[PDB]
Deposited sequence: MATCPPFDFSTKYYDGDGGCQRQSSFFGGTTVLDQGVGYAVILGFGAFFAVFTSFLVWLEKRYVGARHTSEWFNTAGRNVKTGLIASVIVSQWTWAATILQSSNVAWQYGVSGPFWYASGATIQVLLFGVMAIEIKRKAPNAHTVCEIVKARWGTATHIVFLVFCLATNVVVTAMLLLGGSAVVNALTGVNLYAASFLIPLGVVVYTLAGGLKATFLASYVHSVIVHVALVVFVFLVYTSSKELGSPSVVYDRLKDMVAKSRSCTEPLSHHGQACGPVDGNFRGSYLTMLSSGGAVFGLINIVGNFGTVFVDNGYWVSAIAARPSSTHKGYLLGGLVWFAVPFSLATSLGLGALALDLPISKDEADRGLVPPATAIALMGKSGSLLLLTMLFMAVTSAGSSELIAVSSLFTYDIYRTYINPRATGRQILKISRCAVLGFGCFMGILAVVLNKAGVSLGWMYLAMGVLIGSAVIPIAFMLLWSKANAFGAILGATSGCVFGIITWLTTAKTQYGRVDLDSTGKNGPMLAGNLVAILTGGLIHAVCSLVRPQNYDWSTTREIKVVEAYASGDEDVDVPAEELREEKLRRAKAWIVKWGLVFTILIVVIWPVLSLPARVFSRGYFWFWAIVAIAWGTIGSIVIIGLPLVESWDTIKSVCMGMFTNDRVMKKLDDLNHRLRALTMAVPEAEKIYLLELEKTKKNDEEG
């Protein structure tokens, strides 16, 4: 027993190895009745219904299953810089959302999907090409929240892993088929309130009230004893990946430092992934066509500032508390998204597990309902109406919309079962998003903004970038290691190479083939899809001016100013923790109380 506070674990190769905290009945109830319960609740909310609400709406559509599970994964590694580099992809989102919402009103105000603009601007061959890159994004993104949720449910309640994978989408389908087609303005408020209450409780548990970890001076003392050079991590005391001894790639092998190379590489990958999530996902566009930016453009900045605090504070609390407690978490287990449940069980046994399950399944249901209504609209407006029957009455569009939801929900369950059998995990899929669909980001931006891009260059760049990125991503893994499998492929180097190659070459071919043969476009035909510009011109100016300042302040200046601190001292870590606590508390207070006022 090297440590006095972790004697009960002595050596253990894993945290979850039997004797589940809860029983299978709770797991089945959670994975079955959540959709019906909130459907009834939303029906009651609608019945009673008949810059603060907009912020609550923005926050509710940006919290996914990765915001909870993945942000603590890169905190168990790399120490202090992981949560920061994960949360830094928030100021870009508000700028992109504002620009997209402003520019859709002034060039295509009567559209439903992004692929309806591709057919209008360019021809038909490019419509099919980008219709495949849009469905792949939905397939990849939906498969990410079906792996983490199933893993967490199986870890906590002991329910069969292959039964949860198929039964999780059915609850979301039931929720979406009933009220939930954006429902009303109150469901977002309820979701945000629950999420922020859970966040506040978890943050305040580990730094103020817990008996095991009740001070920022205990976490500091325990984090610097794990990376001691006198520590032995041989076979009887530690296993291969188990967070023992100095951290490789960190200055002096410390968890308390901003000088981490792995964290910086992860942030570089995360930027490309966030770029790929905004332009290629049809749910973002669906949310951007229903916005009123000429009068309510100021809520997006508040929404982004409030959303910044969730992946930062939660990962700082639940991620650094697992290292300080000396839990036998393995690398494969931490990859799957099982870091927060372990800390919740260790610190708040049998009561924090239910709270974390509720917080996770709120996001799972909210995000899966949006993914289901990004493909039913795609199918019903870009395939059925355009090619199979181009003369359709309303009663015949509502049947197709309802059938597409069932079809996608039933297909994704089988896909999730297959992926769980094959051993794929969240975190491997999170990093690989930009390699696959990163080549169609710049063509779509050119379609929305640039007036010289043409059809042929778009197809050429989109098709070439994916192939080149995949080739580079596989060849780097083959060259730098001895094999091509799920272990060597999911590393920072190959993933960074694939991401950069995929994103960069798709915007260079399109920008070269268009400067030779420009297609001067006035967006006349996109405005005919089946004052006022002064306000839209003053909203865009405000968004551009006030969105860049915070992006520069957060993504650039703040990490630069923290490098001279080298290894954090007791007094700088106090400030670092107090910043997170204050940010989380103030954001929760603003988003819970102000909309009432």
Open item on the list: Should a student be asked to find the unmodelled regions, what ranges of the deposited sequence would be the right answer here?
Closed with: 1-4, 15-21, 62-81, 562-579, 647-704
